[PDB]
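Read through the structure below, which is laid out as structure tokens, and then see the notes.
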Amino acid sequence: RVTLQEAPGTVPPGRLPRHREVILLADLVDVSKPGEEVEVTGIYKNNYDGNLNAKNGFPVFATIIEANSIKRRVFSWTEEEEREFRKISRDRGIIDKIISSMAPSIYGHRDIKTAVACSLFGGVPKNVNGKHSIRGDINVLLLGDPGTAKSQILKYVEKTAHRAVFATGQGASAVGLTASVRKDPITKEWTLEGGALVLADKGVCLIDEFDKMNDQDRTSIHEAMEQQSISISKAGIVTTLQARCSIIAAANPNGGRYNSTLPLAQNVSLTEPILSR
Amino acid sequence: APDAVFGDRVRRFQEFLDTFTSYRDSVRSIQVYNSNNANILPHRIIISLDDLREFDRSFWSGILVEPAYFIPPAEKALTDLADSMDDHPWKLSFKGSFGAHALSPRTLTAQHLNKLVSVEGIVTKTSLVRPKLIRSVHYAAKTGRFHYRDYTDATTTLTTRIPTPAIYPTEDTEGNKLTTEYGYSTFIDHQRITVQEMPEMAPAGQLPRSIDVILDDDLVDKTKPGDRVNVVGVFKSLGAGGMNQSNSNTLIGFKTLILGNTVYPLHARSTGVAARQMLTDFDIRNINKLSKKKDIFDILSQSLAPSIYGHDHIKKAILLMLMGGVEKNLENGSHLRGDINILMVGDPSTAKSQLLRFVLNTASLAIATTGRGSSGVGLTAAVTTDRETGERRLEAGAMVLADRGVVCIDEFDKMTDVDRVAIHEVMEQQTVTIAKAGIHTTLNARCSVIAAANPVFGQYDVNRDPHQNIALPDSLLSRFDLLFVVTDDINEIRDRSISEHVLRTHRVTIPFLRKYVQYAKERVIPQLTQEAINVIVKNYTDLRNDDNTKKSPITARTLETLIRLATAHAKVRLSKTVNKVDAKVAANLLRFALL
Amino acid sequence: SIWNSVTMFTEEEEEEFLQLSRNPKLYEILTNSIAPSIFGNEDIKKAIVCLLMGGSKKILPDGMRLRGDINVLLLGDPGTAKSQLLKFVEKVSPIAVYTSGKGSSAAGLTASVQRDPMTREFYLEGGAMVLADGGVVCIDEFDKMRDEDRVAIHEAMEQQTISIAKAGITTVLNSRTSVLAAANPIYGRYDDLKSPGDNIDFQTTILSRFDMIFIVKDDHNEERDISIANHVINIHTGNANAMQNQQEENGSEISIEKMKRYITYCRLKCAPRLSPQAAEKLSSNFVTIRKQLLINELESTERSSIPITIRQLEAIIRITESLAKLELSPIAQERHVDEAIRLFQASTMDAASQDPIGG
Amino acid sequence: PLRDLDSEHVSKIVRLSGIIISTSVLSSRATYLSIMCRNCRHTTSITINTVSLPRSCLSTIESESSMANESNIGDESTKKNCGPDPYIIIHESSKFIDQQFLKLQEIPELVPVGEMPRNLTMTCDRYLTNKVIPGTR
Ligand SMILES: Nc1ncnc2c1ncn2[C@@H]1O[C@H](COP(=O)(O)OP(=O)(O)OP(=O)(O)O)[C@@H](O)[C@H]1O
Ligand SMILES: Nc1ncnc2c1ncn2[C@@H]1O[C@H](COP(=O)(O)OP(=O)(O)O)[C@@H](O)[C@H]1O
Ligand SMILES: Nc1ncnc2c1ncn2[C@@H]1O[C@H](COP(=O)(O)OP(=O)(O)O)[C@@H](O)[C@H]1O
Ligand SMILES: [Mg+2]
Ligand SMILES: [Mg+2]
Ligand SMILES: [Zn+2]
């Protein structure tokens, strides 16, 4: 069972978006996931069963749509693309070729773009005899004055990366930063949900407004960055989760303007243990 | 109808009771007391599974594994013996070693069903004691005759029986109306409790397990929530697990519970149950002999915490606190305190915590707390909760549980004003007042307090007056009967000696001390004497009219403190009156503490 | 955890461990085994060996408990590899919890109590201090944490119990644990012109609790820098992955799992006890130390930032017993006390950087 | 993967990987029951290895003995009818086992973004009880 809501863009001014229920059968299941706009060809019919007509009030009936066809209104490759990859690699100046192709809708900031390239590619992890771990993910921090397109850079990273998860220390976000045991509003079942850090394992986590963060979020960031694993002990559940991810953050200086007369450590509210990582 | 196996088992248990004679005289004693005192004692006796095993192993295993067939015969045999030996039915309880039948709610599984078990745990919630109707009596107006009826249910016996759901009679056989006789009917009490795994034995980070218990008649009000309990009973199953009728649901199984027949409260550290011991004539003779020696106070004081070096005066003070004074109530209704309080301030390596934990371990009823560990409601019991009956009531806190006992507070100086104001009332009025939505009550909190705190500047400084080093409100200091200041000053000989003492350690007994304090606190109540009156008057006058700078202020609380110390020393002496020597000892100790 | 441990050993394992114990170079082999991928810090590694071994606990007739664990503090300049040691100790000890001040994400640092989601009843939700019972707690950033946590940890490190008192539950728990803590100085670098008490960022009395203090400074030196750089690039190249490790495993190095099993075996089996000669020597040393400190204090007009107390005496006792234990010897001779005093002088008595200690 | 289970796997054998998040308390079920008819005292037994108690007395269909036919009638013309559900269980002579429920959920790392994870219910009994604790993979 799926629920379709009118696309907000098309609603004429002053009214509300309507919604309907849809039934998918056989091989039509798990073809569309939440957040995508779809076209459905199907049959419109009542809930003829209802419950029963002994109910008091007017005799109204509910309706549904039985789906027959569904359509949407990738990173895989092949040999043809692999040969082209090798051809392009064999060319000289490929590094600058790539760097010139990041966030084309922003002017300048070559250092920013090359840092983003490095962090988006990443190194190779190492482990000596399975007793000495070395991380391979590259972390970058942006610290700039207002009106510098840091949010645009982060949005481009989200749109381009294979597994990017967005979050913020202030504002509305689809996910937080701390793992928790929470009820399921529809299935009424307890569920264990990790933060964006856990969700973006072997990926990239983007954090907006990095300096407006509270104690719990700061502690979670510190743990994830230092150990790349998040512990949890809640609701009788004791365990640890992998959080191997690359972090990209944006912040603003104290007072909203950078003070070039002082060291960077005193231009921001963060602290050395987090800054050094 | 009569059963041959039943008769054989009855006769065998009769032979057991014949060979063992203690239970016979115990029953005779119960009947003697009940006859003489008419309070009434119940008809119940305790049997030893070890003796049963030694006598008849087959019968022992029969009781252990299939109680439903072996207990009722024994109960009938006991009833017969009592009714024969005298000039209700009687009941049995079991003690001894249960072997593999001593379990906990976590390790209690279906394979134990219908078997006698002994569980340990913590009581989580008790139920309201309700009467149960057994026999109803009625009167007929048209005929002037009294009728009656009897009732039963599934939980009143171990063996299954065919249900006989008799109805409540409102009419006569001929059609006459009937009138109930509440005064001639019969009712029996009934309660249900829940037991849970102890918190000091359950795995950390895992949800706990629990089991229900049913109690009837005279085992109905033997415990309270938050207590440590060992219950010996019969693990049983009732009803049909949805088998009868369609009952399409398959998730639910068989209802189970324990028809408990023995309940024992257990003592533990920082728990609401007071520890008590049984005193033998040998114990009493030894205590009374020891009473007559002159250095009894010295030997007793030195006996405490021998692992620590020195602190002789502090040990004396702790012993005085343990023994305690006497509290007075006047016909008017006024109350005069009789407890003592101790505060220690010292350098950060002076075994303060060691002494505090020793007191926690030795005192019969002591509760331990840290500075910020418990705050707000946790101390004053001011929390309010409710059951599904709809009523709200209170559930006790630290000091409320500590009634008639001791409270150890560690890191005292980290507390806050909001709860120091609360503890003022506890130290002085020895009472707690709560006024919340729908609750206005007053709870007794007669407890003593021992606390430790650190100086402001890390180490006590002699270049500054005591106020700058202590920094606590004078009103609060006035409430503590005794205050001590302890510093570690480097000295070659003292360091040497403490070194040998500590190395010796790293390579009178406590139980007898506990028996001694129990007897002394339970038996002796001294009175004041004119000699002590004069001595204390003189000492208080001198202290109030001297110019020396003291570590604490002076009020009438100091005079009351002199009284309390004199009375407690007399209690130690086991004399029925305070004496000049006790007064002088109290005065000397207070003078040493202040100077 | 402590509720799912194994207390039975195979005969072959027992024989192998006895043969390994009889080895005369066992101490050096273990020291080399601890974190071979870092350069230097032999004293630190030896201290970690002693910590993992742990001392011997005593129960007295009056009930007083003399703990047998060891507490270590690592003050140091930034980036001295003082966190990798924490992580490796966590990874190698049988029961270990690594956490920072203020706990971990959705995981408290100390025993916590809440009502059952279903039955509304009390139960321990978690807490590292009780989860790691019988093991090691690796506390990072020890200088940032709340006062309630400070008090609870202070009680735990000495009495090895946590007392709980709330509106409907009162009990004393068991938290037998060993504390390895790491902290950074204020201002971003240790300053030689100020006392370590001023370099730390909390009550200086806290330093009285730990058994060892290691103050590691990042001095600048061309050849040392070159050597460390060569070591690090070798590690990254992976040549060090084979050399040293894969050869020294043939006699002069121990596998991590085998060392873990050996630690468990020694803990379960041995429990040394001193000898009178060691006792007298220790007493004389302690008296001399305190006499010197008193002389310096009386000469000066201020109090020192690194006091000497009976805690340090007990720490020395625990260290000598720890050294004796790993040989499985049921007694400790003055040969152990010599090493114990050397280690103590190397680690704790770096209070020579303290002003009224100078003299 | 837990997200690929579908109709085709119904009643087959499958292998799954996940993390335990909740375990219920031990239940009780019967494996051998002794039952009696409350009216005519006809006894019998049942063995399990949705079983329900007999709806009607079996002493009629079970013509045990010739005298049983006489015993099945008496007091003139009144037919013998024990009623519906006349059987009761005798608990002193029955045997029970242990049953338990578990929940298994996909590893949180691989969940699709913007959707809560999927979980599933499992039933175990006898010697597969008290083997794991929540949080184990
Ligand atoms: N160099 C630039 N070239 C083009 N557009 C820019 C540039 N710098 C800023 N902008 C635009 O100006 C506006 C600045 O807001 P934006 O959030 O993108 O900036 P920011 O640097 O992240 O600052 P903040 O989050 O403090 O507002 C956006 O429209 C951004 O697209
Ligand atoms: N007078 C003493 N005699 C013997 N041992 C002592 C003495 N004072 C301190 N100690 C030792 O020093 C340690 C002090 O621990 P603790 O009680 O936590 O310190 P404090 O009570 O000063 O806070 C104890 O382990 C104890 O064995
Ligand atoms: N003596 C050393 N030998 C080898 N590597 C070192 C050494 N000192 C520092 N490192 C390197 O520094 C990193 C550890 O840094 P970090 O743990 O942040 O320092 P700290 O623990 O002092 O905060 C490791 O990757 C390690 O390779
Ligand atoms: Mg922006
Ligand atoms: Mg202390
Ligand atoms: Zn029948």
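The count begins at 1 with the first shown residue.
When the header is checked for method, it gives electron microscopy, 3.3 Å.
Every residue, even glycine, has its Cβ placed from backbone N, Cα and C.
Listed in Swiss-Prot:
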BINDING   C:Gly76, C:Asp77, C:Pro78, C:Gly79, C:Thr80, C:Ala81, C:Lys82, C:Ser83  ATP binding site
DOMAIN    C:26-233  domain 'MCM'
MOTIF     C:208-211  motif 'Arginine finger'
Nonlocal neighbours by CB distance (under 8 Å) for C:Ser83 (ATP binding site), same chain, sequence gap 6 or more: C:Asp140, C:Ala182
DSSP three-state assignment for C:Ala81 (ATP binding site): coil
Near-A candidates in C:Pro78, C:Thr80, C:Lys82, the binding-site residues, by Cβ under 8 Å: C:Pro78
Number of other Cβ atoms within 10 Å of the Cβ of C:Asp77 (ATP binding site) across all protein chains: 16
Residue counts (helix, strand, coil, in that order) that DSSP gives for the motif 'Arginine finger' (C:208-211): 1 helix, 0 strand, 3 coil
Number of Cβ atoms other than its own within 10 Å, given for C:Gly79 (ATP binding site): 10
Where the C-beta lies under 6 angstroms from ligand 5, the matching binding-site residues among C:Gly76, C:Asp77, C:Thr80, C:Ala81: none
Non-site residues, in chain order, whose CB comes within 8 A of the mean position of the CB atoms of C:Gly76, C:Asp77, C:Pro78, C:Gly79, C:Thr80, C:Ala81, C:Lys82, C:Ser83 at ATP: C:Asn184, C:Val216, C:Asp218
Most crowded position, judged by CB atoms within 10 A, among C:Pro78, C:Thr80 as binding-site residues: C:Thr80
Contacting binding-site residues for ligand 3, chosen from C:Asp77, C:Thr80, C:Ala81 when the Cβ sits under 6 angstroms of any of its atoms: C:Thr80, C:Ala81
Three-state secondary structure, C:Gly76 (ATP binding site) (per DSSP): strand
For C:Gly76 (ATP binding site), nearby residues of its own chain (Cβ under 8 Å, 6 or more apart in sequence): C:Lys82, C:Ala182, C:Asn184, C:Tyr190, C:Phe214, C:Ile215, C:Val216, C:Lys217, C:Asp218
C:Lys82 (ATP binding site), number of other Cβ atoms within 10 Å: 20
Nonlocal residues around C:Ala81 (ATP binding site), in sequence order (Cβ under 8 Å, 6 or more apart): C:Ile38, C:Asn41
